[PDB]
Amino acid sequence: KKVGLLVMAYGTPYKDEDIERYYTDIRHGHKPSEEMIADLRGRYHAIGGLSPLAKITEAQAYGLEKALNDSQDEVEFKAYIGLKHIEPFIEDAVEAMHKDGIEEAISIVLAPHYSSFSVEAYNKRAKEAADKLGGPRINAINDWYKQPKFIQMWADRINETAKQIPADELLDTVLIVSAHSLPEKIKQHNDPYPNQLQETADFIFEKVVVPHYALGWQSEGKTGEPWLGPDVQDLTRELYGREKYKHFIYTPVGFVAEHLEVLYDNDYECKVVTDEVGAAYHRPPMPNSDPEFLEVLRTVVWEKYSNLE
């Protein structure tokens, strides 16, 4: 008997024509205006037309399945992809697990940090789906940024970039560690997300040769409420004003793949600012399906499985 591996991620439009219904899902079912739709479509156009997130997410889910199954023979894992905002939805994945006779599953979100807005919603939807179906039992992983191989992965990528910076400009180099912003109100109830990002930045910092670092947030939404900051664009300007850094290295460690909110919100919007101030822009490769990242996820899931049994 197999163990279901429910791999959850945000989702991305497969076709240009999917953007409207995808955006409507993000907006809790309320259809955005033509102006809002045009702006989002323009951002997808600016990164090449569509996001590669769908193919990367598949490569991560099935690469994880293979890493687990090749490394042991206590159990057979079978991966099921469940997405937040487009088919196959979380609910579709849980239904396929049930139809296939899966009775026990482990779930993981392709985002290493926990928050009430992100991972908690994934877990709630998966559990409510399985409850209405009668199975499988879903054993949820909430976060995994503490995994040492995850920290070392990011540190290695940062050090490889730092080694190509002129030795006498390393003192003028800063590491910007970021993740997707959320409404500032989550701080009012001690949601762990801001502290988990600070811990990740601290863990990475002690393993890199870059002498300066700062925590920032990116991709805040179109609401009328305050969001966690500073925003990476605003922080870049402020740090240049204060310290005149020559190199900015962006690691949006809240994310695990190259998608719209790295290819646009870092590689376009942050580079606009470094260009304005006369500094150099650096953004190390995202984890994607690199074997080192697949080994991070394998360690996480296998530790979870070993602790259930």
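Start at 1 with the first residue shown and count on from there. We call the rigid core the largest set of C-alpha positions that still match within 1.5 Å between the two forms.
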| C-alpha RMS from this form in 4 other deposited structures of this protein, rigid core superposed: larger for 31 to 39 or 63 to 71? | 31 to 39
| Once the rigid core is matched, which of the two stretches, 40 to 48 or 253 to 261, lies farther off on average in 4 other deposited structures of this protein by C-alpha? | 40 to 48
| query | Which has higher Cα B-factors on average according to the PDB entry: 175 to 183 or 125 to 133? | reply | 125 to 133
| message | When the Cα temperature factors in the entry are averaged, is it 24 to 32 or 52 to 60 that ends up higher? | response | 24 to 32
| task | Select one of 231, 199, 156, 91: the residue whose C-alpha shows the highest B-factor in the crystal structure entry. | result | 91
| note | Among 275, 70, 265, 258, the highest C-alpha B-factor in the PDB entry belongs to 70
| Ranked by Cα temperature factor within the chain, is residue 108 in the lowest third, the middle third or the highest third? | lowest
| request: Looking at the entry's B-factor column for C-alpha atoms only, identify whether residue 41 ranks in the lowest, middle or highest third of its chain. | output: middle
| note | In terms of its chain's C-alpha B-factors, the third that includes residue 77 is the highest
| message | For the chain shown, is the CA B-factor of residue 10 in the lowest, middle or highest third of its modelled residues? | response | middle
| said: Splitting the chain's C-alpha B-factors into thirds, which one does residue 163 fall into? | reply: highest
